[PDB]
Amino acid sequence: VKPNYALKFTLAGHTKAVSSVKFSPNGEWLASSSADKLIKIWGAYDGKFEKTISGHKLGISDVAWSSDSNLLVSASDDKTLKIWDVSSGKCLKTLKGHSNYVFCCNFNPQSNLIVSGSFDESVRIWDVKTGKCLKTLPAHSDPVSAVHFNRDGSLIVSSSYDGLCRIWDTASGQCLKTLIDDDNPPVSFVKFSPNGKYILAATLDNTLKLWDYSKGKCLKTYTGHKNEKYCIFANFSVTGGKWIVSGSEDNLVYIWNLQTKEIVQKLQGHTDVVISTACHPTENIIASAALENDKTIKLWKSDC
Ligand SMILES: Cc1cccc(C(=O)Nc2cc(-c3ccc4[nH]ccc4c3)ccc2N2CCN(C)CC2)c1
């Protein structure tokens, strides 16, 4: 039954809205990005501040870790992505090609590719080793809110303000599936399940949906939260009970039972929109992050 997430740490340091928080795949770290143009690294278990990584000329929407936890990629309003050495804090590559703000980014599981989505309505696939753009997908007809690889990196899912989710063949760059639902509200977030079998999508009508994307069938929805404006990150939590975790525009983190769709916990504490949540890879730990009235990251721990 219910999780019992309690507040363990509040991480202050960013001087503007925080955009994204991500745990390293090794479970060691949390990375955060912010409108303040900075990436900060924190200890996942002790909340200790480790380092600040700088170099972007404008605010940063997203950050993501390579599979060996040695590299970070960030997506910035400055129209670039940057690849960072976590150890030195140094910018290794600047990925240039997008014609407007880059909103979202991920490594493939192999961590030889980066996928990016932009205000410029494209999705780009980049070679990690060289930093070169390998493919530009004419992905959507409005800003791209999220990009994610499946478990083997053979597929990419993207979401957009155009009301669509798309599934892409990574190797060829061909669209394999376009999802539509209801009256096509903006799709503000999407990701694959840990196994790759499903996609979880948020739309700006206060709804998360779980999809069997190949069958084109919605299996569950998660509602009760507030999501009408911001591109709020959501997650599968699989270390204990099977939960859906999301931020919300009423300053709370919402946790649902994945199967029953019931709200099982609401986490109070933040003082602005919780735009990002992350789930720890091995421990029942949530990181959550909030917008400019708050600017803090919170770490929470549960027994299941
Ligand atoms: C630097 C910074 C700090 C705090 C918040 C944001 C932000 O809200 N991000 C953003 C904006 C838009 C965005 C901005 C302006 C727009 N006009 C029309 C559509 C549209 C979308 C789309 C996606 C995203 N994100 C959210 C965070 N996530 C981890 C990745 C994606 C950025």
Side-chain angles (χ1 to χ4, degrees), residues 13-23 30-40 53-56 58-65 72-82 98-107 114-124 139-148 157-165 184-191 200-205 208 226-235 245-249 251 253 270-279 286-297:
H14 291 295
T15 61
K16 290 193 194 186
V18 184
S19 46
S20 197
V21 284
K22 301 282 180 58
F23 289 101
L30 189 75
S32 54
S33 58
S34 174
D36 71 6
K37 314 177 180 77
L38 306 170
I39 299 163
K40 282 178 193 290
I53 292 164
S54 65
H56 276 295
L58 296 175
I60 302 168
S61 278
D62 206 7
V63 67
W65 295 85
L72 292 158
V73 69
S74 52
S76 174
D77 286 347
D78 72 11
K79 312 173 179 168
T80 77
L81 301 102
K82 285 165 182 283
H98 283 296
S99 67
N100 219 315
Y101 324 116
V102 195
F103 290 138
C104 49
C105 50
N106 263 306
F107 285 92
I114 283 150
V115 71
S116 70
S118 171
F119 189 90
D120 75 13
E121 321 185 341
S122 72
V123 167
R124 283 169 152 82
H140 292 281
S141 60
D142 267 311
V144 178
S145 50
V147 286
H148 198 225
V157 67
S158 60
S159 47
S160 170
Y161 274 75
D162 68 359
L164 311 175
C165 281
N184 324 297
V187 192
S188 48
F189 171 77
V190 76
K191 83 191 285 180
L200 178 71
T203 48
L204 291 182
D205 58 3
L208 279 150
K226 212 284 209 155
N227 193 192
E228 77 185 358
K229 184 177 184 191
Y230 294 94
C231 287
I232 300 179
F233 211 94
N235 299 278
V245 184
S246 185
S248 173
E249 299 165 353
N251 310 347
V253 178
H270 284 290
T271 59
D272 206 1
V273 175
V274 184
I275 198 143
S276 181
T277 55
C279 295
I286 295 169
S288 58
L291 299 187
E292 80 190 89
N293 186 61
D294 184 313
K295 311 174 218 107
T296 72
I297 298 147

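Starting from 1, each residue takes its place in the sequence as its number. First listed ligand is number 1; within each ligand, the first listed atom is number 1. Below, each value reflects all heavy atoms present in this structure, side chains not excepted, and no hydrogens, waters or symmetry copies.
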Quick one: look up the protein heavy atom nearest atom 16 (C) of ligand 1 and list residue, atom name and how far away it is. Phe119 CE1, 4.1 Å
Please report the closest heavy-atom contact between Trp65 and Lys22, naming both atoms and the distance. NE1-O, 3.0 Å
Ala35: numbered ligand 1 atoms lying under 4.0 Å from its heavy atoms: 1 (C), 3 (C)
Can we say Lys37 and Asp77 salt-bridge, meaning some charged N sits less than 4.0 Å from an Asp/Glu carboxylate O? no
Give the residue and atom name of whichever protein heavy atom lies nearest to atom 26 (C) of ligand 1, and the separation in Å to one decimal. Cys231 O, 3.4 Å
Report the nearest protein non-hydrogen atom to atom 21 (C) of ligand 1: residue, atom name, distance rounded to 0.1 Å. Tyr161 CE1, 3.6 Å
Minimum-distance pair of heavy atoms, taken over all atoms of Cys279 and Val245: SG-CG2, 3.7 Å
Go through the steps to decide whether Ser145 and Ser188 satisfy the test side-chain hydrogen bond (donor to acceptor under 3.5 Å, both in side chains), and finish with yes or no. CA-CA 5 Å; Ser145 50; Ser188 48; 6.0 Å; no
Among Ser122, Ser118, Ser158, which residue meets the side-chain hydrogen bond (donor to acceptor under 3.5 Å, both in side chains) test with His140? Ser158
Which protein non-hydrogen atom lies closest to atom 31 (C) of ligand 1, naming both residue and atom, and how far is it? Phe103 O, 3.1 Å
Counting N and O atoms only, with roles assigned by atom type, does the side chain of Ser160 sit under 3.5 Å from a partner on the main chain of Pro143, one being a donor and the other an acceptor? yes
Taking NZ, NE, NH1 and NH2 as the nitrogens, is one of them in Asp78 or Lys82 under 4.0 Å from a carboxylate oxygen of the other? no
For ligand 1, which atoms, with element, lie under 4.0 Å from some heavy atom of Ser145? 31 (C)
Just need the protein heavy atom nearest to atom 4 (C) of ligand 1, so name the residue and atom and give the distance. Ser19 CB, 3.7 Å
Ligand 1 atoms nearer than 4.0 angstrom to some heavy atom of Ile275 are 8 (O)
Under 4.0 Å from any heavy atom of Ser20, which atoms of ligand 1 are there? 29 (C)
Ignoring hydrogens, just give me the one of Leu58, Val63, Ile232, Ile60 whose non-hydrogen atom is nearest atom 1 (C) of ligand 1. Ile60
Shortest protein contact, atom 10 (C) of ligand 1 (heavy atom only): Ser61 OG, 3.6 Å
Dump the intermediate steps for side-chain hydrogen bond (donor to acceptor under 3.5 Å, both in side chains) on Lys191 and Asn235, then the final yes or no. CA-CA 8 Å; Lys191 83 191 285 180; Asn235 299 278; 2.9 Å; yes
